[PDB]
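Protein chains in written order, with the UniProt record's numbering: chain X, 154 to 254; chain G, 280 to 349; chain Y, 222 to 442; chain H, 38 to 433; chain A, 357 to 406; chain L, 9 to 241; chain R, 1 to 246; chain E, 56 to 440; chain U, 253 to 303; chain Z, 1 to 249. Written out below as structure tokens is the structure these notes cover.
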Amino acid sequence: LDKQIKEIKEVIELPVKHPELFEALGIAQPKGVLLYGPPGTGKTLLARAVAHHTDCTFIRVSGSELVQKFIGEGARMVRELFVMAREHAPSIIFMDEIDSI
Amino acid sequence: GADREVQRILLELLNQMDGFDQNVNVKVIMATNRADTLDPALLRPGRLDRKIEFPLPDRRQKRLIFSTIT
Amino acid sequence: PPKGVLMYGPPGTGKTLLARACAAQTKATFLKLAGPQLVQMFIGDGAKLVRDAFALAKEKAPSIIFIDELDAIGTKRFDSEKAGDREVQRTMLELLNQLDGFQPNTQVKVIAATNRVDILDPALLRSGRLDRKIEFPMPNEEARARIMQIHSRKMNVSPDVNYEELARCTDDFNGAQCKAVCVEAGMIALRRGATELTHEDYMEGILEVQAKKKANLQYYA
Amino acid sequence: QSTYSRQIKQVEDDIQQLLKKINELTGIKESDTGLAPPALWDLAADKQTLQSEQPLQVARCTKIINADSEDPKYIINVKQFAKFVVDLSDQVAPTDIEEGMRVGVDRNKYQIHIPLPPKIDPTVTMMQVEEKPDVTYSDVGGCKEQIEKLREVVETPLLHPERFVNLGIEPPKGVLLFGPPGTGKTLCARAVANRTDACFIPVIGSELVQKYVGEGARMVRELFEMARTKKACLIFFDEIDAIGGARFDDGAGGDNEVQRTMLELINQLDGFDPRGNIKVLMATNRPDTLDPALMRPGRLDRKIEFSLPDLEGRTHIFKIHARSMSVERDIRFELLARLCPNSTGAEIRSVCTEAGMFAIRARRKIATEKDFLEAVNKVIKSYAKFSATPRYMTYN
Amino acid sequence: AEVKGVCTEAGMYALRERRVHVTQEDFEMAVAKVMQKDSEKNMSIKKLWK
Amino acid sequence: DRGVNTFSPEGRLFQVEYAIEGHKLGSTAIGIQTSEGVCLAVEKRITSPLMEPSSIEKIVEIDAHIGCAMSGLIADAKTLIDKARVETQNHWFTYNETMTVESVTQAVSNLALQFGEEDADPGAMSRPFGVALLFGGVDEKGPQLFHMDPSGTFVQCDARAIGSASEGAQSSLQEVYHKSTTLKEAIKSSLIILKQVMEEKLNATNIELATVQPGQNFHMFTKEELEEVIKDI
Amino acid sequence: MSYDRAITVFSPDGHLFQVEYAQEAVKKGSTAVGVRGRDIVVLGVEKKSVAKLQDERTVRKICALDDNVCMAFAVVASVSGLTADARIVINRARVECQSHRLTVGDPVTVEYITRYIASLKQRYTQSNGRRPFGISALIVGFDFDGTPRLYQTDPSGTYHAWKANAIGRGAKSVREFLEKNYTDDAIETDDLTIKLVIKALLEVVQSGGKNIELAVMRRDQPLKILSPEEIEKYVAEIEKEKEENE
Amino acid sequence: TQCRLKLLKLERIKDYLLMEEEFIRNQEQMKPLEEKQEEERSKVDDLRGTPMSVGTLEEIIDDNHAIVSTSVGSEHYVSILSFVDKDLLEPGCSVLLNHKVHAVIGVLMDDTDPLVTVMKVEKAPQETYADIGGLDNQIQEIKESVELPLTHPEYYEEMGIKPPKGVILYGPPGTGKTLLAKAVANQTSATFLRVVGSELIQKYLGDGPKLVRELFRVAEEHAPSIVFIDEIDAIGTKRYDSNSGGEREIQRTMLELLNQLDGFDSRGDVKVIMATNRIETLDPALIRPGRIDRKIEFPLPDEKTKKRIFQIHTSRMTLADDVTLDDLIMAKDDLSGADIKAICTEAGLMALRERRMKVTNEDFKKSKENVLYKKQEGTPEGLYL
Amino acid sequence: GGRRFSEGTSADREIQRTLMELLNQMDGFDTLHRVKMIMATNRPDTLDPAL
Amino acid sequence: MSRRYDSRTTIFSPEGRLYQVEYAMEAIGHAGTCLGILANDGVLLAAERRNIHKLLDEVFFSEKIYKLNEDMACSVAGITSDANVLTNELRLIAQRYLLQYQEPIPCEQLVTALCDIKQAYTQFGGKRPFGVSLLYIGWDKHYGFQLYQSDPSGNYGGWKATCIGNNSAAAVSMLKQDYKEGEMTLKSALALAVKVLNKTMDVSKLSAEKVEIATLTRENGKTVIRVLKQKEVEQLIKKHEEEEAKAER
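Set out below in structure tokens:
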């Protein structure tokens with residue numbers, strides 16, 4: 154999927170790697186990245202792959218309450234994840250639907 | 280206190296699970312029958328490599344089973 | 222002798238009053254039990270609470286347990302695939318067990334008051350958990366005059382005013398209300414300067430307790 | 038210049054040296070005394086310390102037994118969940134002991150030196166409550182007949198019990214405030230409580246209900262009991278719309294938690310014990326929601342509607358609001374009242390507010406009649422659509 | 357996941373034949389076995405994994 | 009939820025209590041019966057000079073010797089007036105003489121309350137109208153002023169006011185207006201009372217007056233006539 | 001019918017909800033201005049949202065109810081044309097105009113159409129399971145007299161005659177600039193009246209002759225809807241007059 | 056000026072002077088504070104010992120006791136001992152207790168919870184007032200509520216009116232209800248609390264009104280403050296199916312907002328900004344006046360105005376004037392401020408992708424194209440009329 | 253007798269552990285002999301699908 | 001009972017839109033490309049044929065190209081369900097007008113009769129609006145060649161070139177870029193329409209199974225309504241496809 158790589162690579166990877174490049178050029182740092190497309194297009198794998206490539210941690214919020222100890226739930230845990238991500242910077246926070254649960 | 284213990288027990292288990300790869304041992308085998316009363320964190324791969332499927336039997340498959348019990 | 226008897230039907234019919242009377246005739250303990258106290262904040266302990274409350278009534282001597290608002294303990298139509306509490310489920314089942322003749326039910330009688338039986342589930346009602354089903358209709362016309370006869374004794378009244386006429390006019394009153402209409406008429410009576418309530422005070426009395434917010438003259442006539 | 042520079046550096050420097058004194062004298066850790074009231078408070082606590090009160094672990098009396106050792110014996114269960122068989126001290130006087138109430142026992146030798154005060158089981162409820170503040174009648178809108186009617190109910194029997202007893206009539210307990218919002222149901226409740234000069238407990242309907250089932254039964258039960266013991270209580274149950282709703286169950290959680298508070302209030306009120314020394318005031322915008330038990334008298338003796346006012350009443354809300362303001366009296370209070378009829382108490386205060394907004398932009402210190410006229414015609418047209426009253430008044 | 361399933365299915369075949377190297381024959385049987393999984397994915401209009 | 013059709017424990021319907029409030033929203037109209045005739049006065053209350061003041065009407069004719077001033081939602085009233093026009097001439101075909109103030113008013117009032125929000129015919133109201141009408145004329149019987157309410161309670165008056173000033177004005181009329189006050193004095197009484205609800209002073213472009221007097225048909229006062237009453241208030 | 005579920009129910013605020021929801025939808029946009037002349041009345045709408053690929057000849061946002069009665073409409077949202085909503089009022093009004101002319105030999109007046117708009121809004125209110133249209137119409141026309149008239153209606157159904165009025169995107173703001181432009185010469189000269197409509201429309205947002213469509217009526221003669229090419233020439237001449245006065 | 060300066064120097068001196076004079080001179084004197092006072096402090100340290108058990112003061116009771124729950128998972132009845140003042144301590148603070156006999160030695164601890172940290176999200180806008188194109192006036196009406204009592208409270212108090220609190224930002228969204236909230240915060244330079252409305256509805260039952268109470272507490276201390284509640288509409292329409300709180304939980308939380316705003320207990324100088332896409336799906340009382348004083352509708356920014364904002368945008372994502380500035384603007388018919396950002400933000404991404412630092416005309420056309428898939432341009436409004 | 257739950261209180265959580273234990277004890281790898289285990293219910297619908 | 005269930009989607013919103021029309025507006029966008037372009041000797045419609053299998057009967061002329069009259073034809077963007085009832089009704093109306101007037105019906109006259117019905121559903125009744133937006137193409141005596149678009153409440157607009165459906169913004173902008181107000185002939189007009197459909201659609205070479213194109217051409221004073229067959233369509237695809245090839249170079 155030659156088309157897919159160039160699009161993802163610009164959005165996510167360049168700013169985490171260097172925001173400085175983005176800043177000199179004069180672009181605003183990416184807020185949201187929306188992934189859409191049919192099931193079975195390697196979207197979940199690509200998210201994981203991207204983390205390895207930048208050398209950034211992959212913090213998956215799975216919607217478990219087994220995972221959560223930060224406040225033991227996550228839908229008012231907005232900023233507490235952002236603080237800790239900044240500490241262990243860069244990171245990409247991932248929200249996932251498996252479409253089965 | 281109850282909810283926290285079970286949560287701790289499971290983290291320790293994940294941590295020890297990852298320990299197997301260095302040594303000859305084959306990892307945990309577990310059954311999910313209802314997956315909605317289970318964490319999706321526990322269904323994620325990277326510790327799983329092989330996932331077994333069982334479906335419902337068909338007619339021919341079923342017939343064989345029925346002879347063994349009888 | 223009854224496992225329990227049930228009182229159901231609309232509030233204000235004097236169930237609490239009636240309970241106090243029951244207690245005096247028997248010469249026994251009425252053990253106050255609240256349906257909300259039995260379900261509690263601690264979990265699995267709440268179930269132990271129902272076991273202890275009936276358990277003690279036996280030890281106290283023969284007893285009558287006055288339970289208020291049993292609607293709190295649970296309504297079992299469960300199939301609840303998602304949650305459904307179930308501190309409440311444990312207590313609903315434990316309550317049956319104590320009524321069953323594993324332990325006596327000729328020593329513990331249950332005087333139960335609940336506002337409706339619609340809310341309640343048949344597991345509880347039966348005919349060998351709650352034996353009698355006594356409906357309480359809202360007071361009759363003569364009944365409201367009797368309710369005022371007691372009340373009248375406490376304050377001071379004319380014999381030109383009774384409840385029976387007010388009962389005949391409208392049937393939009395209850396026993397709790399009849400007390401309230403006598404207490405209301407007395408405020409006006411007192412405000413004027415009087416050592417009694419008269420027919421004027423009562424007649425105004427019914428109008429005042431019911432709200433208005435712009436009233437009527439030629440809005441309806 | 039020089040003199041001031043010098044004094045700044047010096048004063049600051051003096052605080053550093055002073056630091057030993059700052060801690061003992063002012064407070065903020067290590068002695069927080071000024072030793073006019075603490076010399077007394079400390080002194081009395083010391084005798085307790087020395088024998089067996091402090092460390093005093095909170096516990097509560099589960100049952101009174103006479104088994105094992107002395108004839109007075111009690112089984113107390115501490116808030117670590119272990120039971121202990123304890124004695125009873127005359128060493129200092131027990132004063133608040135009751136079965137099931139919190140009592141204090143020692144960790145060195147477990148015996149009851151002193152019981153904890155009456156029904157402080159929720160510490161959570163008690164802290165938030167204001168006790169009878171002073172709200173002026175220059176902001177409790179209008180003169181109106183609507184204000185006056187509540188007072189006869191709430192204020193007169195508490196202020197004078199004398200009268201009621203003499204005639205032999207029972208004194209007021211209940212009043213129902215019902216009507217759409219912005220008519221100052223809260224606003225009036227506060228004002229008259231101070232006027233009467235009796236203890237004010239406001240409580241929020243949402244706080245009664247908390248996470249677990251039967252947790253809600255603990256707070257309400259203990260609040261009504263606490264109210265009865267103290268001298269003259271008014272519990273102003275504040276704004277229950279869906280936090281008061283009629284008994285039902287959905288099998289996912291149900292109305293269970295909501296009805297729990299509701300039902301608890303019913304069990305102690307009617308009970309086998311009647312309502313103690315507790316007056317009750319209800320604020321609802323929806324009587325459509327409420328349970329048939331609450332709506333009948335014995336906690337709701339008289340129903341009074343404090344709703345949207347009358348045509349004369351709206352003029353009176355303008356006059357009371359003007360007193361608070363420092364705007365012209367050459368502005369006809371009446372003209373405003375006719376220009377916006379069918380307006381609640383909140384809306385008439387927004388008119389004054391708006392009038393001021395136009396005024397600040399112009400750069401005036403004083404509001405004008407021009408700003409005023411404009412403010413009412415915007416209110417009658419625009420504000421009506423948003424307003425709370427069509428839906429709440431249908432329930433009322 | 358399906359594409360990798362070809363190599364993975366191949367290994368089962370190499371044991372069965374009792375080879376030490378996964379031959380061409382192992383792969384022939386594997387494509388057809390993987391094609392049956394695909395067909396199941398499509399029938400159900402939902403993913404296989406659960 | 010609860011319906012709106014229901015009776016409240018006060019002992020009144022919700023829809024109707026709202027409709028009275030609708031009367032209170034609009035502009036004030038005064039209808040005074042004098043025995044010299046019946047005058048109807050209404051405030052224009054214009055905010056722009058680009059408007060043409062003749063075409064702001066709130067006095068419309070039920071009949072050719074009965075005039076009507078209406079208050080509250082201007083639009084909601086207009087339908088009742090449309091049905092009224094058909095009845096007055098209809099009355100002429102059958103009786104062979106013109107309709108009375110009493111006959112017309114009772115017939116419109118039957119329609120005023122009929123409301124059934126659900127499971128009621130679309131040829132019948134879902135909600136009542138929030139309009140109060142003042143039917144003022146002199147007819148075969150003599151000067152009569154009848155008042156109609158949105159509650160469908162009709163009553164005979166000599167001086168009635170409706171609109172924002174409705175309670176205030178009505179009290180104030182009873183005081184000045186009596187049957188020892190002549191027709192021109194009734195016009196002066198109405199003008200003073202009018203000003204509190206008005207945003208400005210009284211003018212001949214800020215009132216509209218029409219009087220129906222014995223032996224005469226309905227006359228809409230011209231600019232000169234409006235101006236003579238303006239001079240002395 | 002079976003549908004009788006409430007959409008309108010009366011408020012204690014002394015209003016009908018739909019009518020007020022409609023009234024703000026004419027506050028927020030779709031500038032329609034009308035001026036009344038002394039031989040001719042002209043009404044104009046700005047926006048048909050001609051994005052330079054759309055058709056201009058067959059699109060009508062000014063519709064002739066009659067040959068001596070015409071209306072220009074407005075009410076907007078995110079669903080920007082409520083042409084559909086208008087189209088009902090337009091068709092029923094069209095038959096009614098013609099109908100009035102068959103029965104009564106006077107040419108139908110604007111005053112008849114305005115009462116007819118007040119009753120249509122209302123009738124929809126009283127009927128069960130039914131809701132008032134959001135439209136406001138500037139009803140233009142000629143009487144029996146042959147006198148030019150411009151009348152304006154609101155979504156409740158209350159009508160007033162007005163020499164010049166503007167509605168949309170600040171009804172009062174466009175009208176108060178336009179108030180200076182309404183002079184004795186402007187109303188007398190027919191050509192100046194055509195410019196007065198265009199001159200108001202220009203205040204909110206300037207330029208575009210395709211966005212602006214205006215229809216003209218002279219005497220009891222049929223409606224003439226002007227070409228956009230006629231508008232473009234006219235906006236250019238209006239812009240220079242603004243520099244001349246000022 | 057001169058009188059003020061001398062007064063301040065004196066005030067500062069008097070606190071210092073008095074405190075100090077009595078102490079050292081009493082050390083010379085043979086009977087007053089002297090030794091005792093210095094000793095008393097030493098004596099608190101020795102009595103407390105190490106370790107010290109930590110507690111949180113729920114309330115003080117006037118009976119010579121307080122309720123402090125100790126960190127051991129049982130409650131304790133403490134007495135005013137070890138030299139301490141009962142009234143001096145303010146509720147909710149963490150306090151240090153001597154373990155050996157329960158006494159509050161003193162106050163210094165808070166032991167910081169993560170809940171306050173989530174609430175306090177400081178401001179630093181993308182764009183802000185005076186770099187935004189057209190409809191200058193529309194911002195100024197908002198200021199009446201938010202900005203203006205913070206800048207000068209003086210005008211409001213002198214006029215004598217109720218200080219404006221609460222605003223509803225409504226209309227079709229594309230005008231920057233979010234942008235306006237950020238912009239007012241920078242300009243005012245007061246504390247910015249940002250809590251999204253969705254966050255109130257939790258997976259926990261009954262936590263929602265509690266979270267409101269805390270929000271407003273955190274605001275009062277901080278105050279002058281602005282609170283932006285982004286999108287109040289989200290909680291009423293939606294049922295996430297993460298709770299069994301239902302319709303009841305929304306209702307209790309909305310109510311708690313009312314109580315904290317005016318109620319029986321007011322919270323001093325907390326204004327509320329409610330962005331909402333709609334006003335008919337919201338709760339009736341929440342949008343009633345006297346919880347808001349200013350109501351404003353945002354209509355979409357004009358097609359001419361889109362141009363004046365664009366120059367600024369193009370310059371930020373490196374200036375080019377080789378662009379077809381007019382074509383990009385035109386096809387889109389009167390819709391969002393968001394689309395202008397999208398066309399510049401994307402174009403600059405494309406230019407980089409091509410491997411340059413200059414955005415050119417081709418890049419602007421390309422980005423535009425990608426944006427039509429993502430949005431719908433302004434083609435909806437065209438179809439109707 | 254338990255259900256799927258997993259949006260419930262602490263009370264729905266404790267029921268499942270016990271319900272899990274019964275399954276293994278009956279048939280899992282452990283099983284009864286001569287000794288018989290009898291259950292009593294009010295609804296078989298309140299029961300766990302696995303049970 | 002009954003009102004509570006009624007979600008009050010028939011209510012007006014303050015902004016001045018109907019919730020239902022707005023939700024219908026989205027139903028049109030999910031669905032396939034329908035575009036109409038004006039030309040100077042005829043007019044053409046291009047619609048996405050969404051019925052591709054190798055086993056197809058073809059019991060209808062087409063499932064999206066509908067000949068409403070013997071002088072009008074139309075294409076569809078929206079839901080096939082709504083399209084079927086609607087398409088029949090469009091036929092009685094077109095045909096009755098043909099009886100009375102005996103001249104081809106304006107495209108404008110055709111959208112308006114339906115509009116009343118659309119509006120009726122939305123405002124009251126609690127009835128869904130139709131899920132299709134129709135592009136009608138025709139020639140009527142009065143204006144010459146015309147194209148009309150209808151929306152889910154019957155909101156109408158006369159268009160020289162317009163597109164609704166999937167990637168509606170992309171198709172209309174592109175077509176706006178090359179062509180602005182009637183600059184091309186009938187021959188060139190088919191080649192643009194297929195080109196637009198090509199980019200919008202997932203298959204980037206198309207066939208005649210993927211596209212179906214219909215022409216309405218005025219010949220010898222009479223309107224001819226013809227659905228072009230697969231054979232004619234392939235010729236049009238090769239002409240655009242080749243034009244794209246030159247573009248690159």
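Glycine included, C-beta positions come from ideal geometry on N, C-alpha and C.
Could you say which of E:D338, E:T243, E:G128 and E:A274 lies nearest to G280 (chain G) if we only look at CA atoms?
Taking the first residue of the second sequence as position 1, residue 280 (chain G) is located at position 1. The residue with the shortest Cα to Cα distance from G280 (chain G) is E:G128.
I'd like to confirm the pairing. Which residues does DSSP put opposite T125 (chain E) in its beta bridges?
On the eighth sequence, residue 125 (chain E) is found 70 positions in, with the first residue counted as 1. In the DSSP output, where bridge partners are listed per residue, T125 (chain E) has E:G110.
Element boundaries [beta strand (DSSP E), containing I238 (chain L)]
Within the sixth sequence, numbered from 1, the residue matching residue 238 (chain L) stands at position 230. From DSSP, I238 (chain L) is part of no beta strand (DSSP E) but of the alpha helix (DSSP H) over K231 to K239.
If you drop the 5 nearest sequence neighbours on each side, which residues of the same chain put their C-beta closer than 7 Å to that of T352 (chain H)?
Residue numbering aside, residue 352 (chain H) sits at position 315 when the fourth sequence is read from its first letter. Taken in chain order, the residues that qualify are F370, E371 and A374.
Which word fits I241 (chain L), buried or exposed, when buried means at least 16 other C-beta atoms lie within 10 angstroms of its C-beta?
Here residue 241 (chain L) is taken as the residue at index 233 of the sixth sequence, counted from 1. Label assigned to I241 (chain L): exposed.
Are there 16 or more other CB atoms within 10 angstroms of the CB of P106 (chain Z), so buried, or fewer, so exposed?
As a first step, residue 106 (chain Z) is located in the tenth sequence; it is residue number 106 there, counting from the start. Buried is the call here.
In the region 179-191 of chain X, which residues sit with their C-beta less than 7 Å from some C-beta in chain E, listed in chain order?
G179, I180 and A181
By Cβ distance, which residues of its chain are closer than 7 Å to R265 (chain H), with the 5 residues on each side in sequence left out?
In the fourth sequence, counting from the first residue as 1, residue 265 (chain H) sits at position 228. Same-chain partners within the cutoff: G313, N314 and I315.
Are there 16 or more other CB atoms within 10 angstroms of the CB of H207 (chain E), so buried, or fewer, so exposed?
As a first step, residue 207 (chain E) is located in the eighth sequence; it is residue number 152 there, counting from the start. Flag for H207 (chain E) reads exposed.
By Cβ distance below 6 Å, which residues in the same chain neighbour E391 (chain H) in space, the five residues on each side in sequence not counted?
Indexing the fourth sequence from 1 puts residue 391 (chain H) at position 354. So the qualifying residues of the chain are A412.
Check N294 (chain U) in the structure and name its three-state DSSP category.
On the ninth sequence, residue 294 (chain U) is found 42 positions in, with the first residue counted as 1. Looking at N294 (chain U) - three-state DSSP - the assignment turns out to be coil, as it is neither helix nor strand.
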